[PDB]
Amino acid sequence: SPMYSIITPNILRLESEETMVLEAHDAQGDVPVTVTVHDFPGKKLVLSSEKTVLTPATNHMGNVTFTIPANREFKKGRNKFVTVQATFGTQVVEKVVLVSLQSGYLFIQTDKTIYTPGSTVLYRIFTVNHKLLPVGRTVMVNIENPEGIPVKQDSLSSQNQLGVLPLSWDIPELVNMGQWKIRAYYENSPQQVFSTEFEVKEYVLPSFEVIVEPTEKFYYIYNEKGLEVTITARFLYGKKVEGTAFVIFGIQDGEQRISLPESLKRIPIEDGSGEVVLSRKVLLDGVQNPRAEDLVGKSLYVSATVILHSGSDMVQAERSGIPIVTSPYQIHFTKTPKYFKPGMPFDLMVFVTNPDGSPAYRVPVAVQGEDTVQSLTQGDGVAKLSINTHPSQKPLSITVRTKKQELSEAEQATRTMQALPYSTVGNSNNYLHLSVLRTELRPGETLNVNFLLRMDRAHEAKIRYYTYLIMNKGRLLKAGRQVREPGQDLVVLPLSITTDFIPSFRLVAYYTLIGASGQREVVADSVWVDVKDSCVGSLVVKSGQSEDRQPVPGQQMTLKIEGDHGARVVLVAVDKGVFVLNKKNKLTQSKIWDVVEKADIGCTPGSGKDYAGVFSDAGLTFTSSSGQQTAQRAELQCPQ
Amino acid sequence: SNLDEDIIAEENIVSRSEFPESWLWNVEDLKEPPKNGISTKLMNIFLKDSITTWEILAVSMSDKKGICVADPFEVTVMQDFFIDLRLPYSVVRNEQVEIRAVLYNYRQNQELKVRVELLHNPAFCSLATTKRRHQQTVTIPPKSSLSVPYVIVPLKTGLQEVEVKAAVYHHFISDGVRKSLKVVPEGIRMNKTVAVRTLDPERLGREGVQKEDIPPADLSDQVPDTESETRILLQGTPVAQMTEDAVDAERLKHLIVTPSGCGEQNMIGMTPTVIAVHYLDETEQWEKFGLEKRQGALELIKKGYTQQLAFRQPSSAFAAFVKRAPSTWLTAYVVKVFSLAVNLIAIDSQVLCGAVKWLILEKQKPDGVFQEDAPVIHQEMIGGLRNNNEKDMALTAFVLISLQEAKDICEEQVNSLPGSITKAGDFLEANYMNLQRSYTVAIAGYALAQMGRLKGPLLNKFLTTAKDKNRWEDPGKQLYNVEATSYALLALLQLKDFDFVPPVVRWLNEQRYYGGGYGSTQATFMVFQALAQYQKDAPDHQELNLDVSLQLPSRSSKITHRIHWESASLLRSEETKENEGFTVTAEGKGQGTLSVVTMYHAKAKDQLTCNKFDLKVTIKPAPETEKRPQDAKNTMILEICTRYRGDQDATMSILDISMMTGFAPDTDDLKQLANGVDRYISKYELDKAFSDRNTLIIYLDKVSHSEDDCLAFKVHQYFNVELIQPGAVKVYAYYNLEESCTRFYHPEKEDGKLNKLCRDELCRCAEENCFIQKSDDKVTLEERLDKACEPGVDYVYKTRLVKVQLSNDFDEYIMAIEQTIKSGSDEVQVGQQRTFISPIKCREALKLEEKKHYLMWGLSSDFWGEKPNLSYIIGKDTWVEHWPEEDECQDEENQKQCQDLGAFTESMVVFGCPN
Amino acid sequence: XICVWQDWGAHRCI
Ligand SMILES: [Ca+2]
Ligand SMILES: [N]
């Protein structure tokens with residue numbers, strides 16, 4: 001008897017293209033499929049209707065694509081649902097799916113980070129859908145005073161605007177100082193509010209910049225030299241500062257800031273630079289001489305005030321969050337699946353960082369004990385470690401340590417995680433393991449995805465293909481078939497990586513077989529794969545001249561803009577003195593991808609406690625005509 | 001003139017002035033044909049005047065490729081020699097400040113001799129005049145900078161400009177900076193809320209209008225001649241509704257049951273499952289329940305419906321058993337249940353409307369009553385109909401409610417339905433007033449409300465029957481009162497009597513009756529039908545259209561802010577600055593808030609300056625050295641005393657000292673200070689020759705909070721200049737530049753203050769506008785006449801000097817008007833006296849002696865004061881000429897002047913001015 | 001090295 005199945009994201013978004021993957025397993029001939037979407041539970045209105053035919057030519061696998069529109073039934077903050085119902089010939093397969101009201105992204109750029117009373121705020125709102133492509137929709141824009149009360153409201157459509165909405169607001173001369181806010185949201189998605197802040201303050205631009213950096217990104221609690229810091233002072237036009245610096249340190253304990261008055265030093269700034277040390281004794285004396293170990297996990301901060309020898313200008317800068325550590329590194333398992341397949345390799349994706357959170361390059365890591373597998377971190381701080389697992393339900397405890405040649409054992413980082421065994425259907429011992437090389441992956445490259453099969457050999461030969469699905473930006477980007485021929489425990493899919501895969505993707509794969517008496521068994525796995533962040537296209541601004549010298553005031557100059565054909569480019573020029581006073585809330589591509597990554601509907605690095613958990617944790621529903629399906633997803637946000 | 005200097009002239013310097021913090025807010029489309037899939041656009045820009053690094057940011061949007069934020073691109077704009085004019089954000093009118101023009105020489109192996117000048121501006125008082133700018137010559141070593149102090153006094157509020165220029169001897173380069181700063185009055189900003197009133201015309205309004213008039217504020221403490229504003233803000237409350245909680249989903253789990261039994265018991269089982277799904281659907285509570293369980297509950301409902309069909313007789317009626325005579329009540333109850341389930345499963349219209357038709361055609365009497373000829377045997381499933389007097393009323397109402405529930409599906413199939421409903425309603429309406437039991441009042445009340453016939457006395461009977469305005473109750477099983485109150489709630493919702501429903505829904509919820517079990521059929525069905533309709537009919541929110549007509553007087557009538565519920569949180573309200581009356585008239589539903597805060601500048605009781613540091617600075621002559629040389633070195637002692645105004649000593653602090661022009665500190669004194677407990681002077685600054693020694697910073701490790709810390713050192717005059725600018729001392733702690741104190745010093749100016757003329761809050765500079773000495777030998781009669789007839793010349797006088805008054809500020813010459821030769825603004829009579837004012841700076845050029853006579857003419861722009869105290873300023877355009885007496889005219893040395901002055905008077909008086 | 005515990009296949013554990 002044929003088993004029909006449908007796979008959708010387990011959070012559906014309105015006004016955005018969603019793909020439903022349809023398969024007729026062990027069916028013959030052409031299978032017509034009608035897919036409809038109704039509101040739950042009323043099922044009165046038809047929200048979407050699409051049809052297709054599954055043929056032997058396409059191996060009885062296809063899809064429909066459709067777009068649930070913004071309706072009156074949607075938008076007291078209760079979760080909304082739709083009923084997705086696929087009819088294969090006459091057999092109905094139904095799944096109730098959670099709906100997200102949020103319909104895209106808004107990004108807000110202000111011309112500057114800080115403003116005086118009596119000046120104008122220039123700002124733009126970029127209106128994109130979930131694929132980051134420009135859309136024309138209606139947005140509400142608010143400007144909020146520091147008390148959080150909207151002073152100005154606007155309603156604009158970005159139709160025929162290429163997703164760019166230029167706006168402005170005049171700051172009155174009599175105004176409250178502090179953090180102002182621009183808030184924007186799509187008209188159809190009022191729950192999702194996008195924001196940026198700008199400061200309103202009385203200031204003049206400084207003539208130079210002060211940079212305060214410790215010689216290491218941490219303070220090692222047994223370093224008897226104390227914490228050494230370099231003070232750099234340079235005029236905005238690049239020349240070195242001559243002057244005097246006042247440097248004072250403090251220790252941060254949670255939210256408590258404790259100044260160290262005995263650390264205050266006055267030093268000369270000669271040729272733009274100076275050095276100052278917080279001594280270990282002054283640090284420990286300053287917190288009433290506990291043992292030094294009690295400071296581990298706290299952080300240090302440094303304030304530097306630089307005065308020009310003329311005394312005609314002054315600039316203060318602070319560096320905070322310098323961790324007090326016993327180790328230069330820390331190990332994270334956030335990218336490693338928390339489930340393993342007993343009897344199969346278990347792959348660890350170890351993330352090593354410096355104490356500031358930046359990735360650590362060329363750090364040796366190794367699994368404690370067993371086969372002594374040892375790897376080196378890439379430029380993205382990631383290293384892959386593979387261990388064999390025995391066929392037992394015994395939970396897997398794994399400890400990873402750094403093996404940095406230059407460090408003592410006490411200074412090496414360590415971290416332990418636990419992985420639980422994937423639970424099989426009917427204690428069948430049938431599994432699937434996906435594997436990938438974890439080197440840094442670029443668009444245009446090919447990624448070999450390994451499909452590894454664990455199945456007893458009497459049943460083995462029945463598995464002739466795997467279905468795989470690629471999730472990206474919370475949609476189904478791609479779905480296909482990976483063939484298999486009997487006796488092949490390992491087959492390889494050559495996955496060509498394109499800019500469509502930025503910033504990361506999930507590959508979900510499953511096979512299905514028939515136990516005798518008709519019982520259907522579904523076996524699934526999944527992996528998460530990072531793609532190096534870049535723009536989908538590209539954009540560069542550079543000089544269109546030869547840099548024989550720096551320009552003089554009023555000089556004409558040619559700007560060279562290199563980008564995608566037909567792109568709309570919007571510009572701003574800002575005096576870097578502005579950023580000496582405030583450098584927060586600037587738009588960057590790294591921030592855009594971070595927003596995209598927070599919004600992922602997949603929630604784990606891969607695998608799951610069972611086939612249903614594999615699908616759900618990667619952001620997918622699975623529903624079959626013979627009853628195999630994912631559980632309801634409880635919340636719009638990922639568990640914690 | 002003749003002076004020839006190897007330097008660019010001031011007239012040929014155009015100052016830099018375009019210093020935006022951001023620019024290039026531009027949009028460009030990459031239309032060029034792509035080469036490597038990359039389209040290139042060449043864009044010509046003109047860099048601003050700032051000497052800085054610009055950070056250029058591009059963002060691109062593409063239909064195929066989305067959004068891309070480029071890496072920042074930097075352009076450093078730079079120059080070998082330039083001024084950095086460091087102006088504050090703002091300065092207070094009439095308060096003296098020091099600013100610094102910082103001169104940079106980035107030539108690597110070249111020292112620059114530089115002349116720097118502050119430009120005259122009538123908005124400021126400085127040492128610059130319209131005759132000569134305040135100029136200074138300095139020497140800047142290579143790879144170095146020099147800070148040139150200028151002392152200025154802002155004279156008028158608003159955006160004003162300071163301009164400094166500089167040129168280099170023997171190298172023809174130059175720079176100028178024209179930079180703006182805000183001049184503000186001495187009054188501190190003050191917000192004084194005068195009144196805050198709420199607006200609700202439909203709540204606190206008497207005749208449908210809310211009047212809230214507020215008088216204007218006095219603002220007695222406001223500084224004179226300063227602008228004030230009045231901010232009247234409007235914020236409405238988007239109003240919402242108070243809805244009683246739904247019954248929690250977990251309480252309905254036990255209502256999902258499997259039906260079984262014969263024709264009556266099967267409906268006992270079907271009842272809780274149907275009404276539970278009905279309630280969970282309407283209250284949108286399936287998520288708490290578990291969504292995929294709704295499918296199973298629908299299946300159980302279909303099973304109950306399918307099983308009930310085995311007891312459908314040929315007549316389309318129903319009984320417990322196929323051979324039992326059909327029941328009127330049971331057939332109507334099947335209609336009641338099936339009708340509510342038509343959206344849940346497939347209900348055959350032939351079954352539903354067949355039962356409806358049978359009831360009408362077989363069991364409705366001619367007078368409209370529905371009659372039971374075969375009572376059900378489960379007497380506990382009929383609720384309050386059991387053991388009920390008033391049976392005709394109660395059963396007729398029960399059946400009619402079922403017919404109404406099926407009317408929309410069955411109207412088209414059952415011709416008799418409209419007339420049957422009318423006839424049954426006629427019977428109920430005719431007998432409603434004689435009803436005694438609350439249960440019958442409620443069930444028939446609902447039936448009559450469905451037909452719009454619960455009005456007048458019947459409506460009053462229905463309402464007043466309730467006990468405590470929240471329940472319909474009879475003595476007996478409490479289940480009957482739950483079922484009766486549910487019927488009444490449905491009747492209240494039918495009437496849309498929404499003010500009456502809250503206590504009723506509360507009493508039902510407080511009952512915490514969750515249905516199910518023996519005898520629970522009607523109470524279970526009715527309580528959840530009634531509580532579901534409550535949530536369905538509940539208003540989501542209350543309405544806000546506060547149409548407040550708030551046009552202040554003298555503002556005519558424009559578009560006023562409509563909060564309109566949607567924009568109620570928005571505060572935007574354009575306001576008038578001038579304080580005026582407030583006339584509030586509110587009309588509309590909802591509620592909002594209104595506040596009136598007044599803006600203005602108010603004078604503080606004492607200084608806002610030097611709040612954290614005391615600073616006292618003196619300058620005095622140094623005594624005779626024991627070396628006893630020629631001692632041509634004019635030497636003074638500068639003493640600086642400072643104290644911190646806090647509970648503990650200040651930590652590291654700064655004394656930023658500027659020299660009087662041409663003075664430099666005594667190096668041995670500095671070395672003595674630099675070697676000392678608590679004080680530091682950098683080696684960079686101890687070893688410098690002059691053309692760097694105009695500035696000095698002394699670093700203090702601490703400043704006492706308990707007493708003055710004092711230091712002193714000698715300063716030597718290495719260069720006479722004509723105008724010695726006052727020096728200045730600024731003290732502050734390193735961690736807060738704002739909390740500073742600045743004092744000035746000068747051997748000849750009170751408190752180092754530039755001389756100015758101030759009455760109330762207007763000041764004019766008294767370091768300028770000096771009388772111009774003119775020799776007697778050159779001036780002809782024609783030239784005096786031609787000058788004195790210029791329109792700008794307001795007055796021409798022959799005077800006698802009665803009284804001279806020399807002070808260190810202004811000299812006063814109380815002058816007697818002996819002849820009004822030309823009258824102007826001041827209608828002075830002959831013999832009256834007038835006071836003529838001249839600043840001390842101008843003293844050399846004025847040769848005035850008591851008792852002597854003078855010819856004087858001047859400009860109206862040199863008047864000072866008002867009519868009772870109207871004095872004359874002697875300025876650059878004032879003519880002052882000694883008038884020789886008659887007795888002196890015989891002297892040959894006086895012949896020309898006596899001839900000129902006599903003829904000048906005669907011509908001016910007899911013939912007047914031409915044209 | 002890396003392998004799978006089962007009786008069949010090129011990558012089975014020995
Ligand atoms: Ca990425
Ligand atoms: N093995």
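One-based numbering along the chain as shown.
Going by what the header records, the deposited coordinates were determined by X-ray crystallography, 2.0 Å.
Every residue, even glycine, has its Cβ placed from backbone N, Cα and C.
Positions annotated as disulfide bond by Swiss-Prot: B:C125-B:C765 (among others). Summarising the environment of B:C765 (disulfide bond), the number of other Cβ atoms within 10 Å of its Cβ, over all protein chains shown, is 24. DSSP assigns B:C765 (disulfide bond) to a strand.
Feature annotation from Swiss-Prot assigns disulfide bond to B:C353-B:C410 (among others); the stated evidence is experimental evidence. Sequence-distant neighbours of B:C353 (disulfide bond) (same chain, six or more apart, CB under 8 Å from its CB) are B:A406, B:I409, B:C410, B:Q413, B:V414, listed in sequence order.
Listed in sequence order, B:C741 are the same-chain residues at least 6 apart in sequence whose CB falls under 8 Å from the CB of B:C610 (disulfide bond). Positions annotated as disulfide bond by Swiss-Prot, on the basis of experimental evidence: B:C610-B:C741 (among others).
Within 10 Å of the Cβ of B:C641 (disulfide bond) there are 18 other Cβ atoms, across all protein chains. According to its DSSP assignment, B:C641 (disulfide bond) is in a strand. Residues or ranges marked as disulfide bond by Swiss-Prot on the basis of experimental evidence: B:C641-B:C710 (among others).
For B:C758-B:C763 (among others), the entry in Swiss-Prot reads disulfide bond. Here B:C763 (disulfide bond) comes close to B:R93, B:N94, B:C125, B:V153, B:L155, B:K756, B:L757: these same-chain residues lie at least six apart in sequence, with C-beta atoms under 8 angstroms from its C-beta.
Following the DSSP three-state reduction, the secondary structure of B:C770 (disulfide bond) is coil. Sequence-distant contacts of B:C770 (disulfide bond), defined as residues of its own chain at least six apart whose C-beta falls under 8 angstroms from its C-beta, comprise B:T129, B:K131, B:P839, B:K841, B:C842, B:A845, B:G875, B:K876. Swiss-Prot lists B:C770-B:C842 (among others) with the feature disulfide bond.
Counting only same-chain residues at least 6 apart in sequence, those with a Cβ under 8 Å from the Cβ of B:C789 (disulfide bond) are B:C913, B:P914. Annotation note: B:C789 (disulfide bond) sits in a coil segment as assigned by DSSP. Among the features that Swiss-Prot reports, disulfide bond is placed at B:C789-B:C913 (among others), with the record citing experimental evidence.
If you look up Swiss-Prot, you'll see B:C889-B:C898 (among others) marked as disulfide bond, on the strength of experimental evidence. The local packing around B:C898 (disulfide bond), expressed as other Cβ atoms within 10 Å of its Cβ over all shown chains, amounts to 17.
If you look up Swiss-Prot, you'll see B:770-913 marked as domain 'NTR'.
Summarising the annotation, Swiss-Prot assigns N-linked glycosylation site to B:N191 (among others). Taken residue by residue with DSSP, B:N191 (N-linked glycosylation site) is part of a strand.
With a cut-off of 8 Å between CB atoms and residues at least 6 apart in sequence, the same chain places nothing near B:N869 (N-linked glycosylation site). As annotated by Swiss-Prot, N-linked glycosylation site applies to B:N869 (among others).
Positions annotated as phosphoserine by Swiss-Prot, on the basis of experimental evidence: B:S220 (among others). In the three-state DSSP classification, B:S220 (phosphoserine) falls within coil.
According to its DSSP assignment, B:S573 (phosphoserine) is coil. For B:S573 (phosphoserine), the same-chain residues that are 6 or more apart in sequence and have a Cβ closer than 8 Å to its Cβ are B:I232, B:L233, B:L234, B:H561. Look at Swiss-Prot and you will find B:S573 (among others) tagged as phosphoserine.
Summarising the annotation, Swiss-Prot assigns phosphoserine to B:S825 (among others) and lists experimental evidence as the type of evidence. Cβ neighbours of B:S825 (phosphoserine) (same chain, under 8 Å, six or more residues apart in sequence): B:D794, B:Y795, B:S860, B:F863. Annotation note: B:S825 (phosphoserine) sits in a coil segment as assigned by DSSP.
Marked as region 'Disordered' by Swiss-Prot: B:206-225.
Residues or ranges marked as region 'Interaction with CFP/properdin' in Swiss-Prot (evidence: experimental evidence): B:886-911. Non-local neighbours of the region 'Interaction with CFP/properdin' (B:886-911) in the same chain are 776, 779-781, 784-785, 788, 796, 798, 819, 821-822, 855; each lies 6+ residues outside the stretch with a CB under 8 Å from one of its CB atoms.
The Cβ neighbour count for B:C410 (disulfide bond), using a 10 Å radius and every protein chain shown, is 20.
Closest to B:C765 (disulfide bond) by Cα-Cα distance, out of the recorded positions B:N191, B:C641, B:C710, B:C758, B:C889, is B:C758.
Here the region 'Disordered' (B:206-225) has long-range neighbours at 185-187, 190, 192, 194-195, 197, 199-200, 579-587, 594, 596, 598, 600-603, 760-761, meaning same-chain residues at least 6 beyond its ends whose C-beta is under 8 angstroms from one of its own. Note on the region 'Interaction with CFP/properdin' (B:886-911): DSSP counts are 23 helix, 0 strand, 3 coil. Cα to Cα, B:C710 (disulfide bond) and B:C758 (disulfide bond) are separated by 34 Å.
Less than 8 angstroms from the CB of B:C889 (disulfide bond) sit B:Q895, B:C898, each of them six or more residues away in the same chain. Packing around B:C741 (disulfide bond) is summarised by its Cβ count: 21 other Cβ atoms lie within 10 angstroms of its Cβ, all protein chains included. In this view, B:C913 (disulfide bond) is surrounded by 14 other Cβ atoms within 10 Å of its Cβ, with every protein chain counted.
A distance of 14 Å separates the Cα atom of B:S220 (phosphoserine) from that of B:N191 (N-linked glycosylation site). When the neighbouring Cβ atoms lying within 10 Å are counted for each of the disulfide-bonded residues (B:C125, B:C758), the highest count belongs to B:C125. A straight line from the CA of B:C641 (disulfide bond) to the CA of B:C758 (disulfide bond) spans 30 Å. With respect to their backbone Cα atoms, B:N191 (N-linked glycosylation site) and B:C758 (disulfide bond) stand 29 Å from each other. Among the listed disulfide-bonded residues, namely B:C710, B:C842, the Cβ with the most fellow Cβ atoms inside 10 Å is that of B:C842. In this structure, the recorded positions under consideration are B:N191, B:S220, and the one with the smallest number of other Cβ atoms within 10 Å of its Cβ is B:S220.
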